[PDB]
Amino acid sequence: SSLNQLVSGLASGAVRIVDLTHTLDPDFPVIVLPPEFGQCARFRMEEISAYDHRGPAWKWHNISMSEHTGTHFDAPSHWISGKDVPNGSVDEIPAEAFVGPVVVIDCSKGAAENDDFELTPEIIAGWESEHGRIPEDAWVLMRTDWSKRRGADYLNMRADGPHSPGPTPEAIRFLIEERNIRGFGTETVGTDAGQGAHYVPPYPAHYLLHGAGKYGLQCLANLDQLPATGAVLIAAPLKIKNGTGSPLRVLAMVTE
């Protein structure tokens, strides 16, 4: 069976698990929005006990964050256009959606030359000319190697807001309507470009993906370790009551 073979390959290393997750840490950057709006929180942790009088044989912590802190998953109810999608919160998404095929589009060269690099229909067509049609119900990850930025260059805020790569409205429309993807993931804090408020419609990845019942992943790491095709993504969010998203441990299984 595929599962018996999977177990054997995982045990030998013929199938490797790549962790695509950043550490949840108080100093890891989170999305910043215009100052009139409520803001995403940083991760925070505090000891309950540490093998001391408060708990002599154990150590454990209280934790707090936002649904959108760190490496995290976006459900359709996160956007106003997804507010009527069935199974639209993280606690209702069917579990078969948490494991599936993934394709990785390498935009790292373009992102190194232009902070506002755009994933376009033409680039997707170029990718499919080499790797074949994107399979139905796949995750599509836009690799940029942005996850290697370790300071203020990660959010990359300028006077008019953040400058980071993302998809155009036409790219997202193509992936949804012509390829029926499961979701879209990036290495930045947004599935939209940093300047995505100025597309038509604003924040088109969010507006269109979630309006169509599709999912988002943000702040992925280590996409340069993945093949363009053939890997399997594990992206199971926390089962938050009526939740719009969650931090999560994103993994890819890779044949090697």
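The first residue of the sequence shown is number 1, and the count goes up from there.
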Problem set entry | Residue range whose averaged C-alpha B-factor is higher in the record, 193-201 or 209-217 | 193-201
Seminar exercise, completed: Comparing mean C-alpha B factor in the record for 33-41 and 47-55, the higher one is 47-55
Exercise. When you compare the CA B-factors of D106, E178, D74, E118 as listed in the entry, which one comes out on top?
Worked result: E178
Seminar exercise, completed: For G185, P167, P101, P86, the deposited C-alpha B-factor is largest at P86
For this session: Would you please rank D224 by its C-alpha temperature factor against the other modelled residues of its chain and give the third it falls in: lowest, middle or highest?
Result: middle
Seminar exercise, completed: Quick tally, chain-level thirds of C-alpha B-factors: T21 sits in the lowest
Exercise. Is the Cα B-factor recorded for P237 in the lowest, middle or highest third of its chain?
Worked result: lowest
Exercise. What third of its chain, lowest, middle or highest, does the C-alpha temperature factor of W139 fall into?
Worked result: lowest
For this session: Could you look up the Cα B-factor of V254 in the entry and say which third of the chain it sits in: lowest, middle or highest?
Result: middle
